[PDB]
Structures are given as C-alpha cells and as structure tokens.
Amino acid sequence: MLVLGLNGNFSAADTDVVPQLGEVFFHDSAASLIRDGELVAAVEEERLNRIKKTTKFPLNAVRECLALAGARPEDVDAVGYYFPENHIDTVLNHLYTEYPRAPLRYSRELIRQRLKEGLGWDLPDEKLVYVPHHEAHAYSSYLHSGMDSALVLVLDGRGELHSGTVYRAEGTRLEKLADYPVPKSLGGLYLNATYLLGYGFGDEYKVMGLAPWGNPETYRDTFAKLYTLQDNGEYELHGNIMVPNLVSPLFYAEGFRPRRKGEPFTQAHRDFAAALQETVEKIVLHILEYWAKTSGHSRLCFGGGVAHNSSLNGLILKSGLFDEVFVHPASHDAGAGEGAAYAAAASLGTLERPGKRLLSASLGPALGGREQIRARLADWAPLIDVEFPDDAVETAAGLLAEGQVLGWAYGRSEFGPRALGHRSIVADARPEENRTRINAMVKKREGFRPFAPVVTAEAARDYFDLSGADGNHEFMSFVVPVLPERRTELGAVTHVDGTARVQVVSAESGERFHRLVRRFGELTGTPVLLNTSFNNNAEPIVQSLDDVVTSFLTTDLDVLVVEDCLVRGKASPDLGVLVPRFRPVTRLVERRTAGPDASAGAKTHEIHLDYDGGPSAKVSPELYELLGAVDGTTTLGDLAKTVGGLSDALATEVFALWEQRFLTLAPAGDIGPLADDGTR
C-alpha cells in the first residue's frame, strides 16, 4: 500500500484559482507518502515554491515524494485529500460566485488536471478519497505517537464542521467522543487577536513569544467577557454582529490601540498578548480536565494548528492530567494531509500503521550526493571559499566553541515548522548577547523572543525541568522551565519567565546533530546549543543547496557547514556571474498614477510577488530596464552591459532585491537530479 496524502488549494505556480486568492484558503499545501504504514516522504510546498504557508497546489511536493520513494505516479495505490469533497467544492463554488470569470472546476477535476499535466499521471476516480478534516489530523497525531491507545484532541481554526474534536484512539481505530462548533474556534480566536498586534496569519508564534513580557492581569477581565467556561468541558465564545472578528469590537470600545506597522510593542500590546495566551490556556485546560476524567485515559495526543502553541503544550505537560503527551512535528494542515493518506488507506481496505514513535522530522528531499554537491559549490566559486575538513562535525563544534554562528545543512529537510538539525542555524547557547546578535544576522526583528535550545538526551535533565508527564521533545513541541540554577548559564535560550522551547536530540533522533551538540559540550562543559531555522525574514526554511548558499550569502552568518563542506563568503563576491530568473509569481511593473490638474502622474517602477500578501519594492529605472531583459540564461553581469555595466550601485540594488527573494539569483545551470544515495 503506497498512498499519497494531499492538502492545500489547487492553484498553478504562476496564477491562483481566483485572482489574489486569500492566504487562508487552504494553506500550508504539502504532499506526504506512506508505504506499508510508514511515512516515507513528506515536504511542504512552501519549501519548493518559496512562498511561506503557500496555498498553491503541492505539485512539486508530490514529485519530490515520488522520487524519494522510487515510485512512478502510477505506483500510487490511493490518494487522500484532507477535507470532504462537498466541503472544499462548496468553498470553491463560493469563490466562483465571487469571480464569475473563473471556470467551474471543482476539486476532483482540479486534482486530476494538476497530476495529469504536471506528472503525466492519469488518476483513476476510484483512487481519490476525501477525508473528514479532524479525522486526518487525528490519524497523523496518534499513529506516530507509539501509543497503543490514547485520548486524541484536535484543535484548529476549523474543519468542515468543527473547530475542535475529541477522539478515543485504540489500535488503528478512532472513536469520536465530542466536538466543538466552528464559531467556538480557538484558532480563530487567536488569529483574530493576532491582528490587533499588527500581525497576521502565520504570526501566531510571534504573539506567543511576546506573551511572557506581558502582565495577563491587565486585560483578564476584558477577555473574560469574550468566553464562558461551562459544565461537562463545554465553553462558549461570545460573538458580535459588528465585524468578522471576535476580539476587536470590545477592545476598541475600551480604548485599545491596535499596533501600526513599524510601531514598537507598547506595554498594552505585551499585556494583550499575555492575556490572550492565558485565555486560550484556560479554555484548553478546561476541555482536557473534563475529557481526561471522563475518558479515564492517561495518554494524550494533541494535534491541529493550535498544537503548535508550545507554551500551551508545556502547561498541558505540567498539569499532571496525563502520564504521556505526544505532539507531531507538523500538527498544522500539512500533517492533516499526511493523516488523509492513512484515512484513505483505511477506507480503501486495511490500514497499516507505523511500527514506532516518530523521532525524526527529516523527511523532505535531501541536498544531493557528495559529487553533485561539490560540483555545484564549484559553480558558486566566484562568491564563496570552500574547505573540506576531514571531520566537519569536529571542526564545526570548535568553530561554535570560538563563538561563531553557523549555518548547518545536512540530509533531508524537516517536515513541519521547526528546524531540528537539517536546515538549522546554530550557535553557542550561553551568551545573552547572541539574541540581538543573531536577529541582526538574519535580519529578523524578534529580539523580544528567545531562541530555542537543543540539548543531548544524556544532559537534558541537567538543564531542563521535564517533570510532569513524559512528553516527546524531539520536535520542540513543549516549552519547559529551565532549572533555576542553570538560567544564567543559558543566557541566549532562556525566556524572561525562565522557560525554553527545548529540542532533546538523541543518537536515535539525529545522529550527526547529537554528535555535534555532545562534542560542543565536551569542548565547553555545556552540551546545549541554540537552534533556529535556516531562513532569513523573506523565505521559508531553505530546501536545496542553492537555497542554502543563497541564504548564507544574504545573511550575516559566519560560516556554513553543508554536507561536510565549510563555506565562507569571499571578501568581494562577484554578483555578476549569477543568472537572474523570474519566479512564477514575479511581476515587474512601470506605473503612472493620476497627477495634479488631471495629468498623468508620477512614473514609478516596482517589482512585486503576485500572491495575497506578497511583498513589493521600488526599483530604479536602470534596474527596471535591466530586469526587463532577464531571459533565464544570461548572467547578471552580461545583462547589466545593456545599461552601462554592473556598477556598485546596481549590484547593491540587485543584492537588496535578492535578500527579499523577488527573483532567483544563482549560477548558470543547476545541481541536477538528486542522486540515489542508496539510503532508501
């Protein structure tokens, strides 16, 4: 049984199913492949089209998954989609009523069209299975837990009919115990509140990082007007008829000022995040207290997008309601896509399940074989210097010991939002200074948020209070207290309230990364590193070798360790050898607005990315003329000759567009098809 799991919307690479399709319309597109009950491959489309949390159809993800499994498309026994057919088709139909130019293509026809055109694959109708959304979440969360039975809680924005579902899991069977309707959504409540902080979809993790700086007392009584806890683990969220936001009218009535772009977080803002986080924690703990007692179960699996609230998970762990708690590395909708594969297998016959608890999220495409990596890094020679140490991990541990900040790229990319030693940025965890230092290097502005530590399994309890239940820490799912006598030692990874979102790495979960952190501890007496995702502010986690080198070159990292090669940026990198390529969403525009006295107004030039929420940037007339000639093969230096040569000013302008990923800049050609390293 080889089963593909799908989630996301149905847009092509260069256009959306309707123009400017909202970023919340079936997001985090991904493809998963299960074989004989095991997750053999999984990657989010965002890693391949470079659009964070993309809604586009995960065609590249499917292609990559088939290649990792050594399968033709025609080898796939079934395809599961993470929503029931009537629901996704009703939402598409609604979009089609709003955009009457859009042809009436529903999900089944669109899935078949994408696979046929993108992969030559004629998908027979009987192989496509649509799945209840919280059922897909529950299979993913529970089947990877290693448990024989468990209480399973799914909380997200919404499935087809519910915002929350409670199951009993035993063997391979799910039994639904309860649900909560869409308007009680805790994901919706949290996203609603996130907007008041000048943030939006996908920034919830920043709001959760801000909450420890706030005093939850200030707005506790205000949030108390928006929910009521009830008997039998029930609750109500009190809506309004004013706007489609649960939170904004009451906070407006009380004088709250929603944060503007570029404005710093006031004390009101920090307090607001603290009270929002406390509110959700109290509601979820109210749910779980009731269902722990009523079901009598001692084990919990927690899935859905809300299960990426690691602060909440830490409190669930500390609550003593359960003996064990498991959280999947991709508990958002990409994991529901994975669960849809299992549900399709169950519906189309018999369900094989994983043999063991999941410990590694390293499931995407790799960087490539040793020989094509060396050759590709040679293509980059005019920008980088490369060394080949005999023991790269030893060298790297030493570099980190000296205080250098490292890019670290090895093997298959992480499924889910956390970097865990395959597409990571690692540094010494002790100096408090590394917080503002590394934010500046990657140009992120989350100095209020600490970094996450990775510690060896052997040393974990010497630094972190894992007490309460036995939770899984291979994926940073849980916030835990840092032992008080260790907080000063771990200055870069300890929050203001003494907690940390810890990864515990073991020889089983990540051999090479474990060896790195252990060796650093042997060298320093502290076997803890900070571990942040390898991406700047304008991209998801890097995927390919070119992605990795690009990100290294456009950030202020000291050195890059990639498949045992040490990469450093040349004193003066030659941008001119890079070949510019449009992304499918890249648009280059000359604009005239209306001027005074009804004249044609100012003539401006701009580059932007054509998707809901995509960035945009002004460009000079000269760079406009240069970029208009991009042909996908001619180098930047040769293109620049048409406008007088690649001056320092033009190169600087191009480099700033490169940092924001408006276009692709890389040496001519590519690394080639990823080698069969014989590890399957």
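The term rigid core refers to the most C-alpha atoms you can superpose between the two forms while keeping them within 1.5 Å. Residue numbers here begin at 1 and follow the sequence given.
- Between 444 to 452 and 268 to 276, the larger mean CA deviation from the shown form in 6 other deposited structures of this protein, after core superposition, belongs to 444 to 452.
- After superposing on the rigid core, the larger RMS C-alpha deviation in 6 other deposited structures of this protein belongs to 433 to 441, the other candidate being whichever of 433 to 441 and 364 to 372 remains.
- With 334 to 342 and 405 to 413 compared on mean CA B-factor from the PDB entry, the stretch scoring higher is 405 to 413.
- If you average the C-alpha B-factors over 311 to 319 and over 149 to 157, the higher value belongs to 311 to 319.
- The top Cα temperature factor in the record, among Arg168, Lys225, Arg583, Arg374, falls on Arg374.
- Ranking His328, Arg501, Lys282, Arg108 by Cα temperature factor from the entry places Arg501 first.
- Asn434: CA B factor lies in the highest third for its chain, per the PDB record.
- Per the deposited record, the Cα B-factor of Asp28 falls in the lowest third when ranked against the other modelled residues of its chain.
- Among all modelled residues in this chain, the alpha-carbon of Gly305 has a temperature factor (C-alpha) in the lowest third.
- When the modelled residues of the chain are ordered by C-alpha B-factor, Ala12 sits in the lowest third.
- The deposited CA B-factor of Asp36 belongs to the highest third of values across its chain.
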